[PDB]
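Single-structure report; data block below.
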2 protein chains.
Amino acid sequence: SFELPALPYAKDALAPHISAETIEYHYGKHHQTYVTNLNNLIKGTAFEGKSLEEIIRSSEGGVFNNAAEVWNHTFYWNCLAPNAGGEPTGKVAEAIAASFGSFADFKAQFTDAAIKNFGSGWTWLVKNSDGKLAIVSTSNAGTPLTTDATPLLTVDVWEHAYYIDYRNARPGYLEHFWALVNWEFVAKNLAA
Amino acid sequence: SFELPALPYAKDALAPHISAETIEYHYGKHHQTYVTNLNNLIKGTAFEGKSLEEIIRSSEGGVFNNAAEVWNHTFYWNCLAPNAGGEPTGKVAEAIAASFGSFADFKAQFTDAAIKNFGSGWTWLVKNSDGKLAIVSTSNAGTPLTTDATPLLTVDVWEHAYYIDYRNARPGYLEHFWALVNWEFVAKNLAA
Ligand SMILES: [Fe+2]
Ligand SMILES: [Fe+2]
Ligand SMILES: [O]
Ligand SMILES: [O]
């Protein structure tokens, strides 16, 4: 069965940008529950033995929602880090400048997309199959994995991701997200 | 321009079932923001002169999302009250018993639907135009007003409705919702 991968840092490592309490609920309750529900829903089914990505690309309904959310959250935790944030360098910086005009342009576009992604969902930096970077949003458990675009960076805009720390101020959460971005992970994703 | 209608009670009236803090944010920030955003989108447009309902039934995208949420929240506050809850009497009791067998069955079914509603949204008791009652769930700003059916009761299951008080425990929030239901309002809705 699928297991909840260990958080890449201590539960308080993202403070004050994302609190230890947010981590305890978001990781320990929400993410854990998606793992448990996924395992239960796939027992005895043709989805047993399949990778998480394989399930995401071949499922609908509850199986999809849980599988995609498991993957999305693991991806999200890796997108964040202590002692990180700031501006990317190298190939990531160059690709962002080429695709959006500048890092500042990208940051504003990503922020705007995330803030205006209505309801629950995720906002993504992806590499489209044309080789160009783009910002796309998804609803609920939706993920670029069901397309031919490669996810590079994401922000969870489900209210549970930020409500403890920012209440209604999703834009405040976005401001603090930038202080946490793990560009090393983004660079790995782009290089792949 | 649209005004945020006054809350039917002070912000502590629903406590401890829904906290004063929740109401301060939910009414004073979320509901207010929907009003502000709606006004900004419709100013100087052909949506001026239209009632809230007329906008909801003739719009899409941002105009729709904001107009529907303004209406949904006003309806929600009217569905809740101090010194209420328990079970309906008279016409409402009769109608629910006729359509669901018993109030207890209705209560279980409504609760189940509300807990299963994935992501942000609303769960409703409606009266169809042939008089049948039904439980329906909607996503995000979705509302029975865009259908033929008449809303009788709703619960908001956006995480902002409960996260301060219940965190991830949406079922706890639902339990406490029942302690607040304003059956007088439900009766008005049914009698219209
Ligand atoms: Fe999440
Ligand atoms: Fe709400
Ligand atoms: O999420
Ligand atoms: O909401």
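Numbered from 1 within each chain, the chains take letters A, B, ... in sequence-line order. What's counted below: heavy atoms across the whole structure, side chains too, no hydrogens, waters or symmetry copies.
- Ring planes of B/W183 and B/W178: parallel class, angle under 30° (limits at 30 and 60°).
- A/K29 forms a cation-pi arrangement with A/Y25, by the criterion of a distance under 6.0 Å to the ring centre and an angle within 45° of the ring axis.
- For a residue to count as touching a neighbouring chain, one of its non-hydrogen atoms must lie under 4.5 Å from one of that chain's; by this rule B/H30 touches chain A with the side chain only.
- When heavy atoms are compared at a cutoff of 4.5 Å, A/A141 approaches chain B by way of both its backbone and its side chain.
- Note on ring orientation: taking the six-membered ring where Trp is involved, the planes of B/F110 and B/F177 are parallel (angle under 30°, cut-offs 30° and 60°).
- B/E69 touches chain A through its side chain: at least one heavy atom from C-beta onward sits under 4.5 Å away, while N, CA, C and O do not.
- Below 30°, between 30° and 60°, or above 60°: for A/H26 and A/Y76 the angle between ring planes is between 30° and 60°, a tilted geometry.
- Here A/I55 contributes atom CD1 and A/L145 contributes atom CG; the two are 12.5 Å apart, rounded to the nearest 0.5 Å.
- When heavy atoms are compared at a cutoff of 4.5 Å, B/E24 does not approach chain A at all.
- Of the atoms belonging to B/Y163, it is side-chain heavy atoms, and not backbone ones, that fall under 4.5 Å from chain A.
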